[PDB]
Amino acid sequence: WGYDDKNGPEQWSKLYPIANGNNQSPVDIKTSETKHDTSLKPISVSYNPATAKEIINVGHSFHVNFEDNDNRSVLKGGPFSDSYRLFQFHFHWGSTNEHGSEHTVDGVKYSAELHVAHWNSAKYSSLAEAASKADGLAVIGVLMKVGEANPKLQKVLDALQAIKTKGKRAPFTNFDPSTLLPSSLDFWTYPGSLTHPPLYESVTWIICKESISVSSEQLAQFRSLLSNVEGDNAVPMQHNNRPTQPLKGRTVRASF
């Protein structure tokens, strides 16, 4: 699978029938139809910088992984009674500054999107186990808006030089992902899935109501990464965002 016409989101249903499922992400969040939930508690994130492990070029994108051995970096509050263990964060972007996000609000596309992923360490003992469980994954979605350069992104962007080509790996240590999150943690939440194969419908989404900035040049650095392996012809990762999906009667709750 990929993001080209030959193997893109339109072709995913071939090898991943769940793509045409009822709990698929991303989706369009219509604020007028979001339901405020009294039971929702504030989102609480406590990450340990020492947890940061490495950064990897995976052809279609890049993953910044963390040590998920213990509960040093966890996610609490929200719709969760359980505690979720951070393991990775990554980005999604488009070929132009205008429409590169995955989630949309009131039909409004953003430039990019940050995903901070966690797995249910209260019920399960591994990401592999939790990945296919409805209550296995919790992902924070932060919408990124084109504008002034984001200084918080620089340490990540500076590391992309060591993972230029597909398969390249590099140590990525001493970093707190929460520094990338917006000032406020007000959020929408809805039962969703992974935005790319395997497309497991096992994700409880936490979409921040507040967005963060990113310069056009910083977005250019994302597309600067190569989807090809070393030595081969350079093929930049121009985009890796999935179109919004049918909400299928799902309810998007609001904490505000």
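Heads up: residue numbers just count along the shown sequence, starting at 1.
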query: Between the two ranges 228-236 and 20-28, the one averaging a larger CA B factor in the entry; finding: 228-236
query: Mean temperature factor over C-alpha atoms, higher-scoring stretch between 87-95 and 71-79; finding: 71-79
query: Residue, from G136, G141, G100, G147, that the PDB entry assigns the highest Cα B-factor; finding: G100
query: Residue selected from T189, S39, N65, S215 by maximal Cα B factor; finding: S39
query: Relative C-alpha B-factor of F175, binned into the chain's lowest, middle or highest third; finding: highest
query: Third of the chain, ranked by Cα B-factor, where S211 sits; finding: lowest
query: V108 - Cα temperature factor, lowest/middle/highest third of chain; finding: middle
query: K168 by Cα B-factor - lowest, middle or highest third of the modelled chain; finding: middle
query: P246, C-alpha B-factor rank within chain (lowest, middle or highest third); finding: middle
